[PDB]
>>> print(open('coords_33.tsv').read())   # TSV, C-alpha atoms
chain	number	residue	atom	x	y	z
A	1	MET	CA	-0.83	2.76	-17.50
A	2	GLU	CA	-0.80	5.42	-14.78
A	3	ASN	CA	1.60	3.66	-12.42
A	4	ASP	CA	2.24	6.46	-9.92
A	5	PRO	CA	4.70	6.05	-7.00
A	6	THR	CA	1.96	7.08	-4.57
A	7	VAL	CA	-0.04	3.91	-5.26
A	8	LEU	CA	0.00	0.13	-4.89
A	9	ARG	CA	-1.11	-2.81	-7.03
A	10	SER	CA	-0.87	-6.60	-6.89
A	11	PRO	CA	1.70	-8.27	-9.21
A	12	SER	CA	-0.81	-10.97	-10.16
A	13	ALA	CA	-4.37	-12.18	-9.60
A	14	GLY	CA	-4.85	-13.58	-6.11
A	15	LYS	CA	-6.83	-12.89	-2.94
A	16	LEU	CA	-6.51	-10.72	0.18
A	17	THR	CA	-5.36	-13.23	2.80
A	18	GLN	CA	-4.74	-10.67	5.56
A	19	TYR	CA	-3.03	-7.38	6.44
A	20	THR	CA	0.15	-6.40	8.29
A	21	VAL	CA	-0.90	-2.78	8.80
A	22	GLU	CA	-4.16	-0.87	9.25
A	23	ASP	CA	-5.41	1.87	6.93
A	24	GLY	CA	-2.63	4.40	6.47
A	25	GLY	CA	-0.05	2.20	8.13
A	26	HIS	CA	3.30	3.99	7.98
A	27	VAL	CA	5.80	1.68	6.28
A	28	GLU	CA	9.19	2.26	4.65
A	29	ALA	CA	10.27	0.86	1.28
A	30	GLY	CA	10.47	-2.93	1.45
A	31	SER	CA	8.24	-3.10	4.52
A	32	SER	CA	5.28	-5.45	4.07
A	33	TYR	CA	1.87	-3.77	4.22
A	34	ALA	CA	-0.34	-6.81	3.53
A	35	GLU	CA	-0.53	-10.30	2.06
A	36	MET	CA	-2.27	-12.25	-0.70
A	37	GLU	CA	-2.82	-16.01	-0.92
A	38	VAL	CA	-2.77	-16.98	-4.59
A	39	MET	CA	-3.53	-20.41	-6.07
A	40	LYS	CA	0.25	-20.87	-6.26
A	41	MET	CA	1.58	-19.96	-2.81
A	42	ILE	CA	1.39	-17.37	-0.04
A	43	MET	CA	3.12	-14.00	-0.46
A	44	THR	CA	3.52	-10.63	1.27
A	45	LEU	CA	2.86	-7.22	-0.27
A	46	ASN	CA	5.28	-4.37	0.41
A	47	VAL	CA	5.83	-0.74	-0.59
A	48	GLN	CA	8.25	0.44	-3.27
A	49	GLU	CA	9.14	3.57	-1.29
A	50	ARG	CA	8.74	5.28	2.09
A	51	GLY	CA	5.22	6.46	2.84
A	52	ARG	CA	1.86	5.69	4.42
A	53	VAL	CA	-0.06	2.82	2.83
A	54	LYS	CA	-3.80	3.40	2.42
A	55	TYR	CA	-5.96	0.32	1.83
A	56	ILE	CA	-8.26	0.72	-1.17
A	57	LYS	CA	-9.87	-2.68	-1.69
A	58	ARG	CA	-11.95	-4.47	0.95
A	59	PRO	CA	-10.86	-7.42	3.15
A	60	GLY	CA	-11.16	-10.80	1.46
A	61	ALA	CA	-11.53	-9.18	-1.97
A	62	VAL	CA	-9.85	-11.03	-4.83
A	63	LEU	CA	-6.70	-9.34	-6.13
A	64	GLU	CA	-6.13	-8.91	-9.86
A	65	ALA	CA	-2.92	-8.49	-11.86
A	66	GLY	CA	-2.78	-4.71	-12.16
A	67	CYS	CA	-5.67	-3.83	-9.86
A	68	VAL	CA	-4.98	-1.25	-7.15
A	69	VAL	CA	-4.95	-3.12	-3.84
A	70	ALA	CA	-3.89	0.01	-1.94
A	71	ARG	CA	-2.20	3.41	-2.15
A	72	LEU	CA	0.88	5.30	-0.98
A	73	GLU	CA	1.08	8.60	0.91
A	74	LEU	CA	4.38	9.91	-0.45
A	75	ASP	CA	5.98	12.91	1.27
A	76	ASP	CA	4.86	15.27	-1.49
A	77	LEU	CA	3.52	18.21	0.52
A	78	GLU	CA	6.31	17.96	3.10
A	79	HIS	CA	5.72	21.53	4.27
A	80	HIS	CA	8.05	22.57	7.10
A	81	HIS	CA	5.92	25.06	9.03
A	82	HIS	CA	5.60	24.31	12.75
A	83	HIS	CA	4.84	27.05	15.28
A	84	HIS	CA	2.62	26.95	18.36
>>> encode(input="coords_33.tsv", output="structure tokens")
Amino acid sequence: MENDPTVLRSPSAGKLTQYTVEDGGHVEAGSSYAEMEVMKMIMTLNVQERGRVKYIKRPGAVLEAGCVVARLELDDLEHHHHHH
């Protein structure tokens, strides 16, 4: 329902096989952020846009079609204020 761009969800029910990036791993659109070994075959999860991926579920947890496996830190508050 609330499919926001700053989020991530598995396409189908599977299982967290491993991870290609730690919590908040900066990855651009198309870049894999994790993986999920389903009863069918092995696959890699990637982001739909540029941003920092934040793991939500725990390692080994079973993925579900629609469940949020992670998140996305989109450049929303891209404030340009640097002065030191």
>>> residues_around(input="coords_33.tsv", residues="residue 19 (chain A)", least_positions_apart="3", cutoff="9 Å", atoms="all atoms listed in the file", output="PyMOL selection string")
chain A and resi 16+22+32-36+44-45+59
>>> residues_around(input="coords_33.tsv", residues="residue 38 (chain A)", least_positions_apart="2", cutoff="9 Å", atoms="all atoms listed in the file", output="ChimeraX atom specification")
/A:12-17,36,40-43,63
>>> closest_residue(input="coords_33.tsv", among="A:73, A:5, A:48, A:11", to="residue 29 (chain A)", atoms="only C-alpha atoms")
A:48
>>> atom_distance(input="coords_33.tsv", atom1="CA of residue 37 (chain A)", atom2="CA of residue 18 (chain A)")
8.6 Å
>>> atom_distance(input="coords_33.tsv", atom1="CA of residue 61 (chain A)", atom2="CA of residue 39 (chain A)")
14.4 Å
>>> atom_distance(input="coords_33.tsv", atom1="CA of residue 50 (chain A)", atom2="CA of residue 65 (chain A)")
22.8 Å
>>> closest_residue(input="coords_33.tsv", among="A:46, A:25, A:9, A:31", to="residue 70 (chain A)", atoms="all atoms listed in the file")
A:9
>>> closest_residue(input="coords_33.tsv", among="A:21, A:27, A:7, A:84", to="residue 71 (chain A)", atoms="all atoms listed in the file")
A:7
>>> closest_residue(input="coords_33.tsv", among="A:56, A:8, A:1, A:74", to="residue 28 (chain A)", atoms="all atoms listed in the file")
A:74
>>> axis_aligned_box(input="coords_33.tsv", around="region 46-60 of chain A", padding_each_side="3 Å", output="lines of an AutoDock Vina configuration file")
center_x = -1.4
center_y = -2.2
center_z = 0.6
size_x = 27.1
size_y = 23.3
size_z = 13.7
>>> residues_near_point(input="coords_33.tsv", point="(2.1, 1.9, 1.4)", cutoff="6 Å", atoms="all atoms listed in the file", output="list in words")
residues 47, 51, 52, 53, 71 and 72 of chain A
